[PDB]
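Participant: For reference, the structure I am asking about is given below.
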Amino acid sequence: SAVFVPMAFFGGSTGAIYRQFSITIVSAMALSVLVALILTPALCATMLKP
Amino acid sequence: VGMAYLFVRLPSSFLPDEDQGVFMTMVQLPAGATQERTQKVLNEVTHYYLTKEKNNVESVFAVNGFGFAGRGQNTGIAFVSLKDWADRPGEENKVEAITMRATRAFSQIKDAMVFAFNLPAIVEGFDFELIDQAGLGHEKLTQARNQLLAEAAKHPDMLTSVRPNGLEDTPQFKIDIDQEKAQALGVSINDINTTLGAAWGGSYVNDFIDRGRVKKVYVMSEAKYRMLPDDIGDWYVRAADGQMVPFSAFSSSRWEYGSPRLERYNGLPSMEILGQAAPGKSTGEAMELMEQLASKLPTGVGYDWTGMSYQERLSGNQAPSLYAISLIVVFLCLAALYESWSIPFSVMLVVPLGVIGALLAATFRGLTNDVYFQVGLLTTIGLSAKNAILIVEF
Amino acid sequence: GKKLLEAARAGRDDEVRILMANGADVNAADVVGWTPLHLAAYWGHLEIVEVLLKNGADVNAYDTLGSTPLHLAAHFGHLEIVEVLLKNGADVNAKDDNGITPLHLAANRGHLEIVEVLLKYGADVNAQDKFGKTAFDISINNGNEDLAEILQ
Amino acid sequence: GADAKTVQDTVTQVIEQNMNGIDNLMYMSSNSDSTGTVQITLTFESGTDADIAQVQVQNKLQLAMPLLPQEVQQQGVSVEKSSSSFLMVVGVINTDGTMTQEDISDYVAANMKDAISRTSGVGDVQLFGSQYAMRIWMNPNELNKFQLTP
Amino acid sequence: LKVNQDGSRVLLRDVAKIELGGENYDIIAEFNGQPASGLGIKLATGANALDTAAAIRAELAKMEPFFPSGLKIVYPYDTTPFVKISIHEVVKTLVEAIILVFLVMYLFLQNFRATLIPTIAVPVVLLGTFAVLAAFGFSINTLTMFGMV
Amino acid sequence: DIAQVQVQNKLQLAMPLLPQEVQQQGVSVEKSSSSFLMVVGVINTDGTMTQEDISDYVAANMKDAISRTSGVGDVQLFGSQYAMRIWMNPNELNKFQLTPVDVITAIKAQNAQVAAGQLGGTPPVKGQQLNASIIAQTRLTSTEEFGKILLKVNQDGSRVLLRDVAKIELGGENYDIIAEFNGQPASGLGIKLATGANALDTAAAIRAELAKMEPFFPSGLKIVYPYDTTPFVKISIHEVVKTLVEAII
Amino acid sequence: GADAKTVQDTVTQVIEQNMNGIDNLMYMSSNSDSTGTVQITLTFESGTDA
């Protein structure tokens with residue numbers, strides 16, 4: 001997030017366009033972490049074979 | 001340093017100019033050009049599409065009289081649909097090529113500017129203005145631009161194509177109403193000027209109802225009686241003694257030139273200019289040369305940038321600043337877990353390792369440093385960051 | 001081939017030179033009647049005029065309405081051009097359809113030098129336009145003391 | 001029926017000069033062509049609601065309106081918050097030929113175009129033709145014969 | 001127009017020529033070489049594009065039953081199917097990506113059971129993103145949707 | 001913003017009941033705070049320009065720009081933009097048997113800009129080659145040109161021109177506002193704020209708006225800043241920042 | 001003093017036709033009674049600042 005949230009900071013229509021990506025992947029990634037942090041351990045703990 | 005070089009050499013676009021399945025064509029005729037002639041040219045273009053690119057074009061919709069520069073008899077435009085992408089595989093069957101061939105053919109058409117293009121990935125190079133600051137007047141600003149464009153021409157290296165966006169001065173017909181005569185013959189100047197206008201320009205009288213719906217009532221001369229300069233005299237106006245007078249009696253005419261499409265920029269007279277940086281060269285330098293080319297012109301003439309040119313002023317490159325803050329907020333935010341001095345730096349070294357492939361894989365498929373390549377970079381570095389992080393952390 | 005018209009239009013003296021020397025019609029007339037001499041005498045380019053006159057371009061050529069290049073030069077204050085056209089045999093009393101002479105016309109837009117040159121080459125300071133005004137008359141009515149006193 | 005200089009000086013200027021104290025404008029391009037038409041685009045510092053941007057502009061258009069000629073204001077003057085690029089274009093045609101071009105244009109204008117024009121997101125629907133009008137075509141000789149003028 | 005001195009009348013049709021016609025005669029359009037008119041439709045800044053067109057086919061869908069004989073609509077210039085297709089293509093890249101992931105997962109963990117785990121977790125993330133970027137006022141556009149691949 | 005629209009759109013509930021003379025003079029709705037953020041004057045150093053010259057100049061080529069810039073409510077101009085001024089004499093008029101009405105009528109008639117149409121205009125008779133605009137009359141541009149307006153031809157033939165019975169000069173639209181700087185003559189831009197505006201930022205824009213002007217000034221003409229809120233605030237924050245540092249010490 | 005047809009054709013229509021490119025309207029009812037009065041209500045997609 002510290003590499004690409006800054007790219008939301010470009011002004012102009014250039015940055016207008018950069019905004020979409022810049023945030024869309026931080027959103028996608030941050031939840032990606034929160035879900036991987038909640039769901040995946042659960043699902044690992046329960047569905048894997050010993 | 002391989003990265004630094006391969007980076008600094010790679011070209012930079014905005015977005016890919018994609019096959020939008022549709023495109024557009026420009027038909028622009030010379031001075032004093034008439035509707036009929038334009039209609040000819042439009043038919044030549046339409047012909048091309050319908051006959052020669054049967055395989056691609058799906059339908060041409062073309063209009064005489066609706067310029068995108070703006071209206072005229074001497075302007076037309078063809079909206080082109082294409083056949084589906086499925087039903088035309090191959091570059092040769094893709095928009096860019098189609099436009100190329102199209103243009104190539106239309107170049108053959110004498111006595112017209114016709115070319116065809118795709119509308120850029122932004123549905124809604126430079127745009128340079130030239131302002132009449134000190135009130136020098138249209139023919140002097142004409143001269144100012146003539147001098148500027150034909151002195152720019154002397155820099156093929158620096159600037160590739162410097163053209164005016166407007167229409168050029170064109171013949172127009174001056175009538176001078178002898179006031180003294182008008183008064184002598186007892187014919188009112190209102191009656192005169194109205195007669196002229198209504199006959200030749202047309203006049204909106206009042207409204208009528210046409211099948212339940214209000215529309216205009218226009219009075220105007222039959223075509224044949226307003227098609228030529230000598231037709232001017234044929235019109236009579238009634239004087240106070242009930243006696244008819246011809247326009248010849250109290251008018252006088254002569255030909256002159258003048259612009260059929262004046263312009264102003266921020267309330268002051270201006271004339272607009274288009275051009276772009278020559279192959280290999282940055283917009284910024286092209287603009288700088290134009291900036292100093294302007295300085296050697298008559299006094300009262302100044303300049304301003306608009307639109308895209310105006311934008312590139314606010315900022316064009318902040319990447320080295322905001323990637324710098326990206327680099328520090330990254331230098332420290334990693335240590336916010338490694339709780340270590342300089343340990344993040346180790347992960348940091350790997351950042352160029354990733355971008356090398358990205359950079360070359362663009363350069364070999366001949367692609368460009370664009371928004372997509374940028375966001376690409378961010379994702380790739382972030383991934384190789386993850387991989388290196390997990391290694392050093394373990 | 002009649003690009004010569006627009007050669008006179010846009011200036012470009014040396015392209016007029018290329019074109020005149022490979023055989024383009026030097027008297028070619030456009031949709032308004034205006035020849036390259038008319039065009040030059042309007043947009044005030046001497047050298048174009050020379051390259052045109054010496055090659056024997058009609059000097060008393062007229063457009064619709066009968067306006068001479070001497071008319072055009074006379075109005076716009078192209079004092080340099082009017083002298084060269086005059087030395088090349090330009091009819092000084094030539095009349096557009098409306099009765100206007102180059103003298104009248106110069107007399108109306110306040111060029112004192114050109115009214116002189118026209119009078120030196122033997123203009124008629126009595127020629128009457130369709131409304132019957134003399135060059136003198138259109139000075140009184142302009143409030144110009146100088147032309148009136150000159151045009152005695 | 002107005003030339004470009006007329007339409008510059010009598011309309012375009014009496015509008016520009018009345019453009020003051022409106023928010024956020026970057027500039028004011030202004031073409032004034034000889035077909036008797038004016039178009040003045042004001043472009044605003046990006047991210048500024050078009051709605052109010054618009055009101056400021058048109059209400060001072062009405063600071064200017066009573067100085068523009070009768071002929072032009074009765075023809076109307078419009079302020080539109082429009083992007084520059086046709087989202088689509090729909091045509092109509094007669095298959096039989098039983099309808100000339102001007103018929104089609106009218107039809108669209110008179111019973112299609114008002115509806116489509118109202119719908120939201122729509123800046124200015126351009127009509128590729130004209131709605132009808134009662135047209136009186138005048139003859140100078142016949143008029144003179146009876147001793148009449150336009 | 002006037003009654004003559006002798007009594008006779010001059011009517012407007014006697015000295016003028018009356019017909020129904022265009023308000024202007026400058027704009028002449030033609031489609032596929034046969035004569036036509038149309039609606040060039042612009043956008044109002046800030047408008048929703050596909051939604052506007054979606055409204056326009058609506059606005060227009062009510063018209064045909066009252067058309068005169070022989071009159072038919074046609075769509076020579078249309079941005080939308082580009083965007084329907086632009087999102088069709090990305091959605092299909094996404095699915096086939098989920099496939100390919102599941103293959104590299106099987107080929108590495110070599111068990112049907114194991115491979116269910118990471119597979120299930122991806123959709124949850126990716127649609128989850130619609131939720132959050134909806135809540136920041138961002139649209140499911142060409143750019144955004146393309147970003148999520 | 002909306003406060004404003006509600007007001008002015010019902011100003012246009014009222015507009016067609018106000019006299020022609022007042023609406024043609026215009027009526028304005030402005031969302032203005034009450035207090036000049038600054039005032040900038042101009043003067044000629046040489047004296048080669050009278051007061052009304054300065055006023056015009058500012059109005060005609062400075063004031064439109066500064067007026068457009070945001071945060072700006074109503075720029076007050078300390079003088080007037082020029083106008084063609086006809087100064088009338090009752091005796092001379094009477095002599096020729098004329099009223100101000102005949103002068104006014106004549107000016108409207110002979111200083112007109114007339115729509116005249118086109119040669120070859122659509123819809124045209126097929127085979128037309130020439131398509132051209134007709135020019136009729138243009139607004140007059142000069143005292144001289146207004147001079148030669150024709151009021152009437154006398155019974156004997158002779159003409160009465162406007163300059164024969166009136167007196168024409170370029171002058172202020174009003175002559176009420178006379179400004180002066182340091183005892184030498186001047187005009188200026190009294191600039192107000194538009195409510196909600198950002199003050200320093202507005203001024204920051206105003207020095208910008210104005211910084212582009214000087215190269216096209218006539219000889220002898222120079223700007224000057226007799227009333228300016230900003231350096232108070234630059235200093236007000238300078239002082240606090242320095243108290244902060246020395247406090248940290 | 002105007003009849004309903006007059007007030008329909010001379011006022012009401014020259015207003016309706018000029019209703020274009022305004023946001024969010026659901027429809028435009030329009031009574032035109034013979035007492036020389038027009039009333040045209042435009043109703044807007046609910047929750048759209050008046």
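Residues are referred to by chain and number: the chain letter is A, B, ... according to the order shown in the structure tokens, the number counts from 1 in that chain, and ligands are numbered separately from 1 in the order shown.
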Would you give me, as a list in words, the residues of chain D that come within 10 Å of chain A, using only C-alpha atoms?

Facilitator: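 Result, ordered by chain then number: residues 45, 46 and 47 of chain D.
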
Participant: Please check the contacts: residues of chain D at most 7 Å away from chain G, using only C-alpha atoms, listed as a count of residues only.

Facilitator: 9

Participant: Quick one: which chain A residues come within 6 Å of chain E, and what is the nearest atom pair for each with the distance in Å to one decimal, counting only C-alpha atoms, rows ordered by chain and ascending number, as a tab-separated table?

Facilitator:
residue	atom	partner	partner_atom	distance
A:20	CA	E:144	CA	5.6
A:21	CA	E:147	CA	5.6
A:28	CA	E:129	CA	5.0
A:32	CA	E:125	CA	5.2
A:48	CA	E:114	CA	5.8

Participant: So that I have them on file, write out the residues from the current selection with C-alpha atoms, as an mmCIF file, in the first residue's frame.

Facilitator:
data_model
loop_
_atom_site.group_PDB
_atom_site.id
_atom_site.type_symbol
_atom_site.label_atom_id
_atom_site.label_comp_id
_atom_site.auth_asym_id
_atom_site.auth_seq_id
_atom_site.Cartn_x
_atom_site.Cartn_y
_atom_site.Cartn_z
ATOM 1 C CA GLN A 20 -8.761 4.114 -9.958
ATOM 2 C CA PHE A 21 -5.936 1.619 -10.025
ATOM 3 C CA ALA A 28 -8.602 -5.598 -3.085
ATOM 4 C CA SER A 32 -7.335 -9.908 0.649
ATOM 5 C CA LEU A 48 -6.776 -30.163 5.183
#

Participant: I need the chain E residues near chain F as a list in words; criterion: at most 10 Å, counting only C-alpha atoms.

Facilitator: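 Those within range of chain F come out as residues 22, 24, 25, 26 and 27 of chain E.
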
Participant: Applying 8 Å and only C-alpha atoms, which residues near stretch 1-3 of chain G remain after dropping the ones on its own chain fewer than 5 positions away? List them as a PyMOL selection string.

Facilitator: chain G and resi 33-36

Participant: Could the residues in this selection be saved with C-alpha atoms as a compact mmCIF listing (two decimals), in the first residue's frame?

Facilitator:
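New file result_32.txt:
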# COMPACT_ATOMS: atom_id res chain seq x y z
CA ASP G 33 -56.96 25.87 -18.82
CA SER G 34 -59.06 28.54 -20.51
CA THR G 35 -58.64 31.07 -17.73
CA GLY G 36 -55.30 32.06 -19.17

Participant: Might you pull out every residue within 6 Å of residue C:123, with only C-alpha atoms counted and same-chain residues fewer than 3 positions away left off, and present them as a PyMOL selection string?

Facilitator: chain C and resi 92+118-119

Participant: For those residues, write N, CA and C atoms to a file as a CSV table (one decimal), in the first residue's frame.

Facilitator:
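The new file again_9.csv reads:
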chain,number,residue,atom,x,y,z
C,92,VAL,N,-5.5,55.1,-64.7
C,92,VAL,CA,-5.7,55.8,-63.4
C,92,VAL,C,-7.2,56.2,-63.2
C,118,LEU,N,-1.4,59.6,-57.6
C,118,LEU,CA,-2.5,59.4,-58.6
C,118,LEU,C,-2.6,60.7,-59.4
C,119,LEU,N,-2.6,61.8,-58.7
C,119,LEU,CA,-2.7,63.2,-59.4
C,119,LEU,C,-1.5,63.5,-60.3

Participant: What lies within 10 Å of residue C:56 using only C-alpha atoms, ignoring chain neighbours under 3 positions off, as a list in words?

Facilitator: residues 26, 27, 50, 51, 52, 53, 59 and 88 of chain C

Participant: Would you mind exporting N, CA and C atoms of the selected residues as a compact mmCIF listing (two decimals), in the first residue's frame?

Facilitator:
# COMPACT_ATOMS: atom_id res chain seq x y z
N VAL C 26 -0.71 33.05 -66.03
CA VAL C 26 -0.36 34.21 -65.22
C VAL C 26 -1.57 35.13 -65.03
N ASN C 27 -2.59 34.93 -65.85
CA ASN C 27 -3.82 35.75 -65.79
C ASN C 27 -5.01 34.99 -65.22
N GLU C 50 5.95 42.50 -59.07
CA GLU C 50 6.97 42.70 -60.09
C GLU C 50 7.01 41.44 -60.93
N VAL C 51 7.06 40.29 -60.25
CA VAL C 51 7.32 39.04 -60.95
C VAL C 51 6.14 38.80 -61.89
N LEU C 52 5.02 39.41 -61.56
CA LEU C 52 3.79 39.25 -62.31
C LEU C 52 3.71 40.24 -63.48
N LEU C 53 4.05 41.50 -63.23
CA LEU C 53 3.98 42.55 -64.23
C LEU C 53 4.99 42.38 -65.36
N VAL C 59 -2.42 44.45 -66.50
CA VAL C 59 -2.32 45.40 -65.38
C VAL C 59 -3.65 46.11 -65.15
N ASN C 88 3.90 50.72 -64.72
CA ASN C 88 3.61 49.59 -65.61
C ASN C 88 2.37 49.78 -66.49

Participant: If we count only C-alpha atoms and set the cut-off at 10 Å, which residues sit around residue D:43, ignoring sequence neighbours fewer than 6 positions away in its own chain? Please answer as a CSV table (one decimal) with N, CA, C and O atoms, in the first residue's frame.

Facilitator:
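Just written: out-v8.csv:
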chain,number,residue,atom,x,y,z
B,307,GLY,N,-6.2,23.7,-22.7
B,307,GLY,CA,-6.5,22.3,-22.9
B,307,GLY,C,-5.4,21.4,-22.4
B,307,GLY,O,-4.9,21.5,-21.3
D,24,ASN,N,-14.0,29.0,-10.3
D,24,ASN,CA,-13.3,27.9,-10.8
D,24,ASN,C,-13.1,27.8,-12.2
D,24,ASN,O,-12.5,26.7,-12.7
D,25,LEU,N,-13.4,28.8,-13.0
D,25,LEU,CA,-13.1,28.6,-14.5
D,25,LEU,C,-11.6,28.6,-14.8
D,25,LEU,O,-10.9,29.4,-14.3
D,26,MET,N,-11.2,27.7,-15.6
D,26,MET,CA,-9.8,27.8,-16.1
D,26,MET,C,-9.7,28.8,-17.3
D,26,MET,O,-8.7,29.5,-17.3
D,27,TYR,N,-10.6,28.8,-18.2
D,27,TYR,CA,-10.5,29.7,-19.4
D,27,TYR,C,-11.9,29.8,-20.1
D,27,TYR,O,-12.9,29.2,-19.8
D,28,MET,N,-11.8,30.6,-21.2
D,28,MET,CA,-13.0,30.8,-22.0
D,28,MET,C,-12.7,31.0,-23.6
D,28,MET,O,-12.7,32.1,-24.1
D,29,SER,N,-12.4,29.8,-24.2
D,29,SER,CA,-12.4,29.7,-25.7
D,29,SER,C,-13.7,30.2,-26.4
D,29,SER,O,-14.8,30.1,-25.8
D,50,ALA,N,-20.8,20.3,-12.0
D,50,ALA,CA,-21.2,20.9,-13.2
D,50,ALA,C,-22.5,21.8,-13.0
D,50,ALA,O,-22.7,22.7,-13.7
D,53,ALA,N,-21.6,25.2,-11.4
D,53,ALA,CA,-20.8,25.7,-12.5
D,53,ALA,C,-21.6,26.3,-13.5
D,53,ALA,O,-21.4,27.4,-14.0
D,81,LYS,N,-24.2,21.7,-20.1
D,81,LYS,CA,-23.0,21.2,-19.4
D,81,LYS,C,-22.7,19.9,-20.1
D,81,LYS,O,-23.0,18.9,-19.6

Participant: I need the residues in stretch 127-236 of chain F that are strand (DSSP E or B) according to DSSP; give them as a PyMOL selection string.

Facilitator: chain F and resi 132-135+150-153+159-161+166-172+179-181+184-191+193-194+221-228
